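Read through the structure below, which is laid out as structure tokens, and then see the notes.
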Amino acid sequence: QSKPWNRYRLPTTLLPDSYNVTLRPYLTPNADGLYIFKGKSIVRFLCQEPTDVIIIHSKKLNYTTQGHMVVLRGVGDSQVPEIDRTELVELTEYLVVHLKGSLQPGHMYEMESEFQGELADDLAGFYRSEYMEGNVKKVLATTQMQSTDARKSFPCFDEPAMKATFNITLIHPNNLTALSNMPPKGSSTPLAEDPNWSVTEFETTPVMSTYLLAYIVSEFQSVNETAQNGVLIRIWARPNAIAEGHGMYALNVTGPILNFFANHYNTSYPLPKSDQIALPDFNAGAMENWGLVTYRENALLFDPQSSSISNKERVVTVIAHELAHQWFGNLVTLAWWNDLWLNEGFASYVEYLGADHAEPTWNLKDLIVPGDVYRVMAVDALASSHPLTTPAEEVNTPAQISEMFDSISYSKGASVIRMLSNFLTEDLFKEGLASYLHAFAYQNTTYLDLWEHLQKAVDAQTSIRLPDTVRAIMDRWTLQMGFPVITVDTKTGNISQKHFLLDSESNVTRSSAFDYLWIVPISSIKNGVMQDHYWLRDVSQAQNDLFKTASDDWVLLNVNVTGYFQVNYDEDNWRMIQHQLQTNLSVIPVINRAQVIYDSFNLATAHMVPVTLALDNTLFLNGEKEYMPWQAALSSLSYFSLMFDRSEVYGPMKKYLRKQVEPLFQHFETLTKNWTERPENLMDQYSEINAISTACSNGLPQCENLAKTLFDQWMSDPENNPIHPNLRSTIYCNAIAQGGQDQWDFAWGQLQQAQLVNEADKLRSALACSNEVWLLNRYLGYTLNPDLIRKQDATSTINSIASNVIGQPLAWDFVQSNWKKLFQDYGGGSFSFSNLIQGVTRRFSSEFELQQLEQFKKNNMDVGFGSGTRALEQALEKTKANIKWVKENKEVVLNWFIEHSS
Ligand SMILES: *[C@@H]1O[C@H](CO)[C@@H](O[C@@H]2O[C@H](CO)[C@@H](O[C@@H]3O[C@H](CO)[C@@H](O)[C@H](O)[C@H]3NC(C)=O)[C@H](O)[C@H]2NC(C)=O)[C@H](O)[C@H]1NC(C)=O
Ligand SMILES: *[C@@H]1O[C@H](CO)[C@@H](O[C@@H]2O[C@H](CO)[C@@H](O[C@@H]3O[C@H](CO)[C@@H](O)[C@H](O)[C@H]3NC(C)=O)[C@H](O)[C@H]2NC(C)=O)[C@H](O)[C@H]1NC(C)=O
Ligand SMILES: *[C@@H]1O[C@H](CO)[C@@H](O[C@@H]2O[C@H](CO)[C@@H](O[C@@H]3O[C@H](CO)[C@@H](O)[C@H](O)[C@H]3NC(C)=O)[C@H](O)[C@H]2NC(C)=O)[C@H](O)[C@H]1NC(C)=O
Ligand SMILES: *[C@@H]1O[C@H](CO)[C@@H](O[C@@H]2O[C@H](CO)[C@@H](O)[C@H](O)[C@H]2NC(C)=O)[C@H](O)[C@H]1NC(C)=O
Ligand SMILES: *[C@@H]1O[C@H](CO)[C@@H](O[C@@H]2O[C@H](CO)[C@@H](O)[C@H](O)[C@H]2NC(C)=O)[C@H](O)[C@H]1NC(C)=O
Ligand SMILES: *[C@@H]1O[C@H](CO)[C@@H](O[C@@H]2O[C@H](CO)[C@@H](O)[C@H](O)[C@H]2NC(C)=O)[C@H](O)[C@H]1NC(C)=O
Ligand SMILES: *[C@@H]1O[C@H](CO)[C@@H](O[C@@H]2O[C@H](CO)[C@@H](O)[C@H](O)[C@H]2NC(C)=O)[C@H](O)[C@H]1NC(C)=O
Ligand SMILES: *[C@@H]1O[C@H](CO)[C@@H](O[C@@H]2O[C@H](CO)[C@@H](O)[C@H](O)[C@H]2NC(C)=O)[C@H](O)[C@H]1NC(C)=O
Ligand SMILES: *[C@@H]1O[C@H](CO)[C@@H](O[C@@H]2O[C@H](CO)[C@@H](O)[C@H](O)[C@H]2NC(C)=O)[C@H](O)[C@H]1NC(C)=O
Ligand SMILES: CC(C)C[C@H](NC(=O)[C@@H](O)[C@H](N)Cc1ccccc1)C(=O)O
Ligand SMILES: *[C@@H]1O[C@H](CO)[C@@H](O)[C@H](O)[C@H]1NC(C)=O
Ligand SMILES: *[C@@H]1O[C@H](CO)[C@@H](O)[C@H](O)[C@H]1NC(C)=O
Ligand SMILES: [Zn+2]
């Protein structure tokens, strides 16, 4: 039998009740340049089963407790055993307290410790954040516990089901502000040993998980609103940022989103206030800490003057996401990280609902399809994918836990929950969801608990009927990886399902308890009229007249792509669909217009339709005003561009794309009053951004003209940028393309003086669009200079250049030549050799190019490849695929484009 301090999961012998935790960061270094924080904690816990050892999480903390590493006391009149010895076991991250006797079932104990650790800038635990205000470097203190870093700030039972109440005290310079999950008890008070310091006590938290704790000490200020129930809402940011009003949009949306979720969930927001704080260079993105949610600045702040509409959308959706957790994930918490998908899938879905409430004219719910469904299907249509569910006994180590945080868990999770909601109807879903939340408030659950509660709601009504239990249907979507392609022969109304894989020649080696069969809910539209809902059972083949058609008829499946599957037809129904789109497109719902494109290209990739059938599905676009179907096309074709932009196929492609996009370009020229006012709603704003982008980048002269006109106008008046943030990336890029060192230098200047991150990113990317070799080689020379380009931007700037077809060879040489900079960039800052390699080898589609790549790998002789070690293997295997795809496709593709370019 093995020793419990060597097992990654905690015993169940001791459960915490409550914690006192006092943290004191020292924001001035110790002259050796070390910053530290000091702590003291007391954890009260209960004995469940007899035991003569206390195992508790601890990570990179030194103890300065008097005596042993902890002091142990009994609560009330409980006696307590003497401590034998206390040790730290680093591998499993434990403080282990061996006792001279056993604790007693039903007895409560208090364990006190004093400790300190590094206040590193590592974005982990209690950690520091350095940033610039004027001539001053500022340092603040803040936390990121997710997922196994609470133990890095204070010793605790750091598993998510092991909830307790937390009383937090912060000791801090007296002119700084102290924040935590809960409001402060009253006014800060001076620290008696040194009144330069203050003491802020916070109210007791609700029963909660250690990973949701947060405490922050900074100079930050806030904008406030008291919602009507009394809930204080603040937005915290850098003083300068607050003073520019960049916190306003977040303040505008937060109250609304909160009220929405409180109703949607049928459950009060469980806290007295909600803080949201914008942190500079928070690489985690955002973190749903209960009552104190942290965001990277670009994610929470918004400047109306410079930010685009897609920035606004990012702000509102990110808030909606984190706010969604305040109930789902925080109030009711998954018992273990194997069910992460539930929590994050759920928030990934309801973010759309929350944001839609705040911005009801935008139609945000639509964006889940391009943004999550098709995104995740690209990786879920692979042999190397994995189930939503993972057995709990296979997730044990911090790194195994971190692996749970991926595209499957977020995006498929959102996609399957969205499907669940649609086949139940939202009202029914909400009923079960309210029931789950009430039954499990302040406790922990598994996905089976949600199913059980949704089943309860189903069982209590008569309108919605199901082929099977919620569980049994959901098990097909959660226990096995992948999804089905649904093929229909409209001639007969026969309908099949198979495990879909983009590579038709791939060996699936992961077995399923269901033989890759799903219970599939299928909506469907015939002649623009909604048909009866159908359910495909767990069978390969079936028939229903719902999918039988006539000569003049067409049938389309999966309305609004609510189902997690792709649809293929017979050629005739396909052609008929096409005719409808040529003649009256408004009869096919705008999401399915997109679906036709999305699925067809994937099916072509899988060899289930010819590539010409997919291309035919773009033909209708010349009359399409709407964002999504265009976006589907632009997404599906970016790879054709990447393969053919250096070949005889390109000219035809561009000619074609010009043809398709011009009418749309014209339409906006009209509708925007010669580009003087943006369209009204989000979707139309996106469509315009896409058309202009496409028009210019395929060389539509009217687009080129505009781009040159506006940039001329800007250079004549630098302080008054005429270009609307929405169009900056296109206009900037095209203009620099049409220009020389005049345009490039101006832009570069603008970059060096640009205050706001997004504007800098747009100039940095545009600068890569010069068509001059000397200008792109000069600019590469700049990427390895920190005074000119931030290290954290270098590999990205290199990829932008390689994106330019003129820049492809220049970038590829730069990289091979400077590969002697793995041993300069591996110690100071990661650098991400993985991203750089993948981006620069992206185009490689020929035998010759492959020999070059092999020949480059022959520098194997040390220097290695670092964090891109075997991201070079992926690049070799990706070129082989490209060569093989280009041989099979070149001819057919070329002919089609010529055929259709007028
Ligand atoms: C976790 O933190 C709690 C808050 O600090 C502790 O509870 C506090 O204990 C204090 C003393 O230990 C009490 O303050 C005063 O102390 C003087 C001693 O000189 C006493 O006479 C008074 O009873 C008391 N003052 C008043 C106005 O009653 C606090 O009463 C008390 N604060 C509370 C309960 O909110 C917990 O003890 C601490 N937990 C553990 C396990 O140590
Ligand atoms: C928690 O305890 C750790 C172990 O006590 C501390 O880590 C130790 O830090 C020492 C200095 O910071 C290192 O020793 C040497 O220190 C002298 C004088 O400061 C230097 O000249 C030497 O360069 C240095 N030795 C070397 C080989 O570089 C210890 O090596 C080091 N031990 C480790 C890292 O295991 C932590 O400082 C302490 N942390 C906190 C936050 O209190
Ligand atoms: C947070 O919510 C506020 C309340 O809805 C928004 O305030 C509105 O901002 C609009 C756009 O900035 C203003 O519209 C126009 O602004 C121009 C430019 O100054 C004026 O000339 C026009 O008179 C005005 N009205 C028009 C075109 O009809 C609104 O006036 C203003 N509304 C209120 C009640 O103040 C905030 O914009 C919003 N903040 C953010 C960052 O989105
Ligand atoms: C954290 O603070 C809370 C709030 O005061 C403490 O809650 C009290 O716990 C004591 C000791 O069990 C009880 O006598 C009181 O009934 C509780 N008060 C309230 C208002 O709930 C809690 O004990 C503190 N935690 C720790 C570790 O001391
Ligand atoms: C809070 O107090 C500290 C200590 O005085 C201030 O820190 C100094 O700020 C000045 C700028 O006015 C700098 O020139 C110094 O280098 C800082 N000193 C140290 C030791 O860090 C700080 O500015 C004050 N902050 C607020 C918000 O009032
Ligand atoms: C949760 O939902 C219930 C049921 O919808 C809410 O109670 C209803 O509120 C309306 C208010 O006009 C009444 O007319 C209904 O008859 C109520 N139903 C019941 C069963 O009481 C309830 O208020 C919601 N709670 C929260 C916290 O949002
Ligand atoms: C994790 O969650 C379960 C519930 O899913 C908790 O078990 C419940 O505990 C409460 C209060 O102690 C009781 O009312 C119920 O009888 C329990 N339900 C069960 C066992 O199904 C459990 O305590 C939580 N685990 C931890 C470690 O807090
Ligand atoms: C549609 O499905 C039906 C049956 O589910 C298929 O028809 C059968 O095909 C077998 C194969 O040899 C024949 O022996 C049977 O006599 C047929 N059954 C009938 C007509 O009831 C039919 O081929 C399918 N259509 C397709 C795939 O297009
Ligand atoms: C498919 O999705 C569209 C959105 O693209 C749905 O249309 C929306 O429906 C709601 C309620 O009817 C309205 O409040 C929105 O304003 C509608 N928008 C548009 C553009 O019509 C449509 O109802 C969905 N159809 C089905 C069958 O689910
Ligand atoms: C809208 C979301 C996808 C935003 C997202 N944030 C989250 O998922 C949070 O709710 C996560 N729970 C926090 C997190 C993120 C990354 C790594 C570790 C921990 C992120 O930007 O990473
Ligand atoms: C997979 O197995 C098949 C035969 O079942 C074989 O022809 C093929 O080479 C294998 N691998 C790949 C990657 O196609
Ligand atoms: C085409 O279909 C739309 C959408 O239903 C309908 O409103 C319109 O009357 C039709 N227009 C034409 C020109 O046939
Ligand atoms: Zn999340």
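A note on labels: chains of the structure tokens are A, B, ... as shown, every chain counts residues from 1, and ligands are counted from 1 in their shown order.
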
* Asked: Quick one: residues within 8 Å of ligand 6, with only C-alpha atoms and all ligand atoms, as a list in words?
  ->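 Every residue with an atom at most 8 Å from ligand 6 is listed here: residues 262, 263, 264, 265, 266, 267, 268 and 434 of chain A.
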
* Asked: Mind listing the residues within 6 Å of ligand 11, only C-alpha atoms and all ligand atoms counted, as a ChimeraX atom specification?
  -> /A:505-507

Can you spit out the residues from that selection as a short mmCIF file (atom, residue, chain, number, x, y, z; two decimals), in the first residue's frame, using N, CA, C and O atoms?
data_model
loop_
_atom_site.label_atom_id
_atom_site.label_comp_id
_atom_site.auth_asym_id
_atom_site.auth_seq_id
_atom_site.Cartn_x
_atom_site.Cartn_y
_atom_site.Cartn_z
N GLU A 505 -9.03 8.88 -45.32
CA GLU A 505 -8.09 7.76 -45.26
C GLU A 505 -7.51 7.54 -43.85
O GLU A 505 -6.58 6.75 -43.68
N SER A 506 -8.08 8.23 -42.85
CA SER A 506 -7.58 8.20 -41.46
C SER A 506 -8.07 7.00 -40.67
O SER A 506 -9.26 6.69 -40.70
N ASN A 507 -7.16 6.37 -39.93
CA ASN A 507 -7.55 5.26 -39.04
C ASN A 507 -7.92 5.71 -37.65
O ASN A 507 -7.04 6.08 -36.86
#

Dump the neighbourhood of ligand 2 as a short mmCIF file (atom, residue, chain, number, x, y, z; two decimals) with N, CA, C and O atoms, in the first residue's frame: all residues within 6 Å, distances computed on only C-alpha atoms and all ligand atoms.
data_model
loop_
_atom_site.label_atom_id
_atom_site.label_comp_id
_atom_site.auth_asym_id
_atom_site.auth_seq_id
_atom_site.Cartn_x
_atom_site.Cartn_y
_atom_site.Cartn_z
N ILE A 36 8.56 39.73 -2.26
CA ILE A 36 7.92 38.69 -1.46
C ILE A 36 6.50 39.11 -1.00
O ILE A 36 6.13 40.30 -1.04
N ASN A 62 7.54 29.07 2.04
CA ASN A 62 8.45 28.76 3.13
C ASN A 62 7.69 29.03 4.40
O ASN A 62 6.95 30.00 4.47
N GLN A 116 5.79 32.58 3.78
CA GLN A 116 6.02 33.59 2.76
C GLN A 116 6.44 32.89 1.51
O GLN A 116 6.94 31.74 1.55
N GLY A 117 6.22 33.59 0.40
CA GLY A 117 6.63 33.12 -0.91
C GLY A 117 7.01 34.27 -1.82
O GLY A 117 6.89 35.45 -1.49
N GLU A 118 7.47 33.93 -3.01
CA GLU A 118 7.88 34.98 -3.90
C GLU A 118 6.66 35.66 -4.48
O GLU A 118 5.70 35.01 -4.90
#

Would you mind listing, for every residue of chain A within 12 Å of ligand 7, the two atoms forming the shortest contact and the distance between them in Å to one decimal, using only C-alpha atoms and all ligand atoms, sorted by chain and ascending residue number, as JSON lines?
{"residue": "A:10", "atom": "CA", "partner": "ligand 7", "partner_atom_place_in_ligand_line": "27 (C)", "distance": 10.6}
{"residue": "A:11", "atom": "CA", "partner": "ligand 7", "partner_atom_place_in_ligand_line": "27 (C)", "distance": 10.4}
{"residue": "A:12", "atom": "CA", "partner": "ligand 7", "partner_atom_place_in_ligand_line": "27 (C)", "distance": 7.5}
{"residue": "A:13", "atom": "CA", "partner": "ligand 7", "partner_atom_place_in_ligand_line": "27 (C)", "distance": 10.0}
{"residue": "A:14", "atom": "CA", "partner": "ligand 7", "partner_atom_place_in_ligand_line": "27 (C)", "distance": 9.1}
{"residue": "A:15", "atom": "CA", "partner": "ligand 7", "partner_atom_place_in_ligand_line": "27 (C)", "distance": 6.5}
{"residue": "A:16", "atom": "CA", "partner": "ligand 7", "partner_atom_place_in_ligand_line": "27 (C)", "distance": 8.4}
{"residue": "A:17", "atom": "CA", "partner": "ligand 7", "partner_atom_place_in_ligand_line": "28 (O)", "distance": 9.3}
{"residue": "A:45", "atom": "CA", "partner": "ligand 7", "partner_atom_place_in_ligand_line": "27 (C)", "distance": 11.4}
{"residue": "A:46", "atom": "CA", "partner": "ligand 7", "partner_atom_place_in_ligand_line": "27 (C)", "distance": 11.0}
{"residue": "A:48", "atom": "CA", "partner": "ligand 7", "partner_atom_place_in_ligand_line": "27 (C)", "distance": 10.5}
{"residue": "A:157", "atom": "CA", "partner": "ligand 7", "partner_atom_place_in_ligand_line": "27 (C)", "distance": 10.1}
{"residue": "A:158", "atom": "CA", "partner": "ligand 7", "partner_atom_place_in_ligand_line": "27 (C)", "distance": 11.2}
{"residue": "A:159", "atom": "CA", "partner": "ligand 7", "partner_atom_place_in_ligand_line": "27 (C)", "distance": 8.8}
{"residue": "A:160", "atom": "CA", "partner": "ligand 7", "partner_atom_place_in_ligand_line": "27 (C)", "distance": 8.5}
{"residue": "A:161", "atom": "CA", "partner": "ligand 7", "partner_atom_place_in_ligand_line": "26 (C)", "distance": 5.1}
{"residue": "A:162", "atom": "CA", "partner": "ligand 7", "partner_atom_place_in_ligand_line": "27 (C)", "distance": 4.6}
{"residue": "A:163", "atom": "CA", "partner": "ligand 7", "partner_atom_place_in_ligand_line": "28 (O)", "distance": 5.8}
{"residue": "A:164", "atom": "CA", "partner": "ligand 7", "partner_atom_place_in_ligand_line": "28 (O)", "distance": 8.3}
{"residue": "A:165", "atom": "CA", "partner": "ligand 7", "partner_atom_place_in_ligand_line": "28 (O)", "distance": 11.7}
{"residue": "A:207", "atom": "CA", "partner": "ligand 7", "partner_atom_place_in_ligand_line": "28 (O)", "distance": 9.4}
{"residue": "A:208", "atom": "CA", "partner": "ligand 7", "partner_atom_place_in_ligand_line": "28 (O)", "distance": 9.5}
{"residue": "A:209", "atom": "CA", "partner": "ligand 7", "partner_atom_place_in_ligand_line": "28 (O)", "distance": 9.6}
{"residue": "A:331", "atom": "CA", "partner": "ligand 7", "partner_atom_place_in_ligand_line": "2 (O)", "distance": 11.8}
{"residue": "A:332", "atom": "CA", "partner": "ligand 7", "partner_atom_place_in_ligand_line": "2 (O)", "distance": 9.1}
{"residue": "A:333", "atom": "CA", "partner": "ligand 7", "partner_atom_place_in_ligand_line": "2 (O)", "distance": 8.6}
{"residue": "A:334", "atom": "CA", "partner": "ligand 7", "partner_atom_place_in_ligand_line": "1 (C)", "distance": 8.7}
{"residue": "A:335", "atom": "CA", "partner": "ligand 7", "partner_atom_place_in_ligand_line": "1 (C)", "distance": 6.5}
{"residue": "A:336", "atom": "CA", "partner": "ligand 7", "partner_atom_place_in_ligand_line": "1 (C)", "distance": 9.9}
{"residue": "A:436", "atom": "CA", "partner": "ligand 7", "partner_atom_place_in_ligand_line": "5 (O)", "distance": 10.2}
{"residue": "A:437", "atom": "CA", "partner": "ligand 7", "partner_atom_place_in_ligand_line": "5 (O)", "distance": 11.0}
{"residue": "A:438", "atom": "CA", "partner": "ligand 7", "partner_atom_place_in_ligand_line": "5 (O)", "distance": 11.6}
{"residue": "A:439", "atom": "CA", "partner": "ligand 7", "partner_atom_place_in_ligand_line": "5 (O)", "distance": 8.6}
{"residue": "A:440", "atom": "CA", "partner": "ligand 7", "partner_atom_place_in_ligand_line": "5 (O)", "distance": 6.2}
{"residue": "A:441", "atom": "CA", "partner": "ligand 7", "partner_atom_place_in_ligand_line": "4 (C)", "distance": 9.1}
{"residue": "A:442", "atom": "CA", "partner": "ligand 7", "partner_atom_place_in_ligand_line": "2 (O)", "distance": 8.4}
{"residue": "A:443", "atom": "CA", "partner": "ligand 7", "partner_atom_place_in_ligand_line": "2 (O)", "distance": 4.7}
{"residue": "A:444", "atom": "CA", "partner": "ligand 7", "partner_atom_place_in_ligand_line": "2 (O)", "distance": 4.1}
{"residue": "A:445", "atom": "CA", "partner": "ligand 7", "partner_atom_place_in_ligand_line": "5 (O)", "distance": 4.9}
{"residue": "A:446", "atom": "CA", "partner": "ligand 7", "partner_atom_place_in_ligand_line": "5 (O)", "distance": 7.8}
{"residue": "A:447", "atom": "CA", "partner": "ligand 7", "partner_atom_place_in_ligand_line": "5 (O)", "distance": 10.8}
{"residue": "A:448", "atom": "CA", "partner": "ligand 7", "partner_atom_place_in_ligand_line": "5 (O)", "distance": 10.5}
{"residue": "A:449", "atom": "CA", "partner": "ligand 7", "partner_atom_place_in_ligand_line": "5 (O)", "distance": 7.9}
{"residue": "A:450", "atom": "CA", "partner": "ligand 7", "partner_atom_place_in_ligand_line": "5 (O)", "distance": 10.9}

* Excluding residue A:529 and any residue of its chain fewer than 2 positions from it, enumerate the residues within 12 Å of it, using only C-alpha atoms, and give them as a PyMOL selection string. => chain A and resi 523-527+531-532+546+553-557+559+587-589

Selected residues written out, N, CA and C atoms, as an mmCIF file, in the first residue's frame:
data_model
loop_
_atom_site.group_PDB
_atom_site.id
_atom_site.type_symbol
_atom_site.label_atom_id
_atom_site.label_comp_id
_atom_site.auth_asym_id
_atom_site.auth_seq_id
_atom_site.Cartn_x
_atom_site.Cartn_y
_atom_site.Cartn_z
ATOM 1 N N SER A 523 -33.960 19.013 -37.226
ATOM 2 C CA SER A 523 -34.993 19.914 -37.719
ATOM 3 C C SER A 523 -34.819 19.897 -39.211
ATOM 4 N N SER A 524 -35.691 20.561 -39.958
ATOM 5 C CA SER A 524 -35.597 20.599 -41.440
ATOM 6 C C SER A 524 -36.647 21.500 -42.088
ATOM 7 N N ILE A 525 -36.252 22.096 -43.203
ATOM 8 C CA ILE A 525 -37.049 23.080 -43.895
ATOM 9 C C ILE A 525 -37.275 22.530 -45.311
ATOM 10 N N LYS A 526 -38.523 22.572 -45.783
ATOM 11 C CA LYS A 526 -38.836 22.213 -47.169
ATOM 12 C C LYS A 526 -39.512 23.381 -47.845
ATOM 13 N N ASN A 527 -38.882 23.862 -48.920
ATOM 14 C CA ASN A 527 -39.376 25.003 -49.706
ATOM 15 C C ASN A 527 -39.510 26.289 -48.888
ATOM 16 N N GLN A 531 -40.500 21.999 -41.419
ATOM 17 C CA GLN A 531 -41.151 20.681 -41.329
ATOM 18 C C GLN A 531 -41.234 20.184 -39.894
ATOM 19 N N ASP A 532 -41.755 18.975 -39.718
ATOM 20 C CA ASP A 532 -41.821 18.360 -38.394
ATOM 21 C C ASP A 532 -40.460 17.908 -37.938
ATOM 22 N N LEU A 546 -40.264 12.894 -44.795
ATOM 23 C CA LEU A 546 -39.752 14.241 -44.516
ATOM 24 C C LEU A 546 -38.536 14.597 -45.384
ATOM 25 N N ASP A 553 -38.768 20.376 -55.930
ATOM 26 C CA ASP A 553 -38.606 20.588 -54.484
ATOM 27 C C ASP A 553 -37.175 20.450 -53.961
ATOM 28 N N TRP A 554 -36.932 21.107 -52.834
ATOM 29 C CA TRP A 554 -35.677 20.948 -52.122
ATOM 30 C C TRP A 554 -35.894 20.814 -50.619
ATOM 31 N N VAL A 555 -34.971 20.108 -49.976
ATOM 32 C CA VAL A 555 -35.031 19.875 -48.542
ATOM 33 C C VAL A 555 -33.678 20.147 -47.874
ATOM 34 N N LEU A 556 -33.704 20.934 -46.812
ATOM 35 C CA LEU A 556 -32.487 21.362 -46.139
ATOM 36 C C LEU A 556 -32.605 21.001 -44.655
ATOM 37 N N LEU A 557 -31.510 20.542 -44.057
ATOM 38 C CA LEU A 557 -31.529 20.008 -42.688
ATOM 39 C C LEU A 557 -30.784 20.847 -41.696
ATOM 40 N N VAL A 559 -31.784 23.236 -39.106
ATOM 41 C CA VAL A 559 -32.088 24.652 -39.227
ATOM 42 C C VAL A 559 -31.256 25.462 -38.247
ATOM 43 N N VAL A 587 -35.402 33.067 -48.647
ATOM 44 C CA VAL A 587 -36.214 31.914 -48.263
ATOM 45 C C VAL A 587 -35.421 30.877 -47.443
ATOM 46 N N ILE A 588 -34.094 30.891 -47.576
ATOM 47 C CA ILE A 588 -33.239 30.041 -46.738
ATOM 48 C C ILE A 588 -32.625 30.835 -45.586
ATOM 49 N N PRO A 589 -32.903 30.411 -44.334
ATOM 50 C CA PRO A 589 -32.427 31.192 -43.183
ATOM 51 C C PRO A 589 -30.922 31.471 -43.286
#
